[PDB]
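Scroll down for the structure; my scribbles are underneath it.
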Amino acid sequence: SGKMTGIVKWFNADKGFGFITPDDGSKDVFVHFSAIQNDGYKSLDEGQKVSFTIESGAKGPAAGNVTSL
C-alpha cells in the first residue's frame, strides 16, 4: 500500500497522542489514539515500529490507519 513505516518517538497515554518518526527522514507525524487499529489496544510504546498513512491533519501531517509492525 501507500503506507509509510516509522517508529513511535513518544506517546502520552494520558492525553492520547504522540509522534511518529517516519523512516523517510521527513517531519515527525502526529498520531491521535483514535487513528490506531484498536482491537482493545489503542496505546503505543516509545520505539515501536508502526505503519500508517499520512493524512490531512488539523495542524500538520497526521498518521491514519496505524498498525503495529
Side-chain angles (χ1 to χ4, degrees):
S1 180
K3 284 178 99 57
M4 175 39 75
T5 60
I7 285 139
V8 176
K9 192 193 182 183
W10 59 265
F11 189 89
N12 184 338
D14 299 313
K15 292 272 196 92
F17 63 76
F19 281 87
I20 306 165
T21 301
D23 280 339
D24 64 350
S26 66
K27 158 180 227 60
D28 296 329
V29 170
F30 178 79
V31 51
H32 192 262
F33 79 86
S34 61
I36 304 148
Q37 256 66 121
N38 144 286
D39 68 89
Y41 183 43
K42 313 83 48 78
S43 209
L44 295 170
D45 301 330
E46 174 167 317
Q48 243 175 308
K49 202 142 66 171
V50 289
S51 75
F52 53 103
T53 55
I54 290 140
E55 322 271 66
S56 339
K59 292 196 109 185
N65 314 292
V66 182
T67 268
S68 285
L69 292 178

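Throughout, numbering of the chain's residues begins at 1 and tracks the sequence. These numbers come from the heavy atoms of this one structure, side chains and all, not from hydrogens, waters or symmetry mates.
For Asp23 against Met4, the heavy-atom pair with the smallest separation is N-SD, 4.1 Å.
Note: the hydrophobic cluster containing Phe11 does not contain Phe19 (ILVMFWY, side chain heavy atoms under 4.5 Å, direct or indirect links). Cluster annotation: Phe30 and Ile20 are assigned to distinct hydrophobic clusters (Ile/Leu/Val/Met/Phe/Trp/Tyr, side-chain heavy-atom contacts under 4.5 Å, transitive).
Here the side chain of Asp39 pairs no donor or acceptor atom with the backbone of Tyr41 at under 3.5 angstrom.
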Atom pairs and distances, side-chain donor-acceptor, residues 54-66, under 3.5 Å, sequence neighbours left out:
unit_1 : atom_1 : unit_2 : atom_2 : d
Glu55  : OE1    : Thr53  : OG1    : 3.2
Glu55  : OE2    : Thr53  : OG1    : 3.3
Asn65  : ND2    : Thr53  : OG1    : 3.1

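Side-chain atoms of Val31 and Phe52, non-hydrogen and from C-beta on, never get closer than 4.5 Å to each other.
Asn12 is linked by a side-chain contact (heavy atoms from CB on, under 4.5 Å) to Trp10, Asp14, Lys15, counting only residues two or more places apart in sequence or in another chain.
In this structure, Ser68 OG and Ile36 CD1 are separated by 8.5 Å, a value rounded to the nearest 0.5 Å.
When hydrophobic side chains of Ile, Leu, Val, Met, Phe, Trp and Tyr are connected at separations under 4.5 Å, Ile7 ends up as a singleton with no cluster partners.
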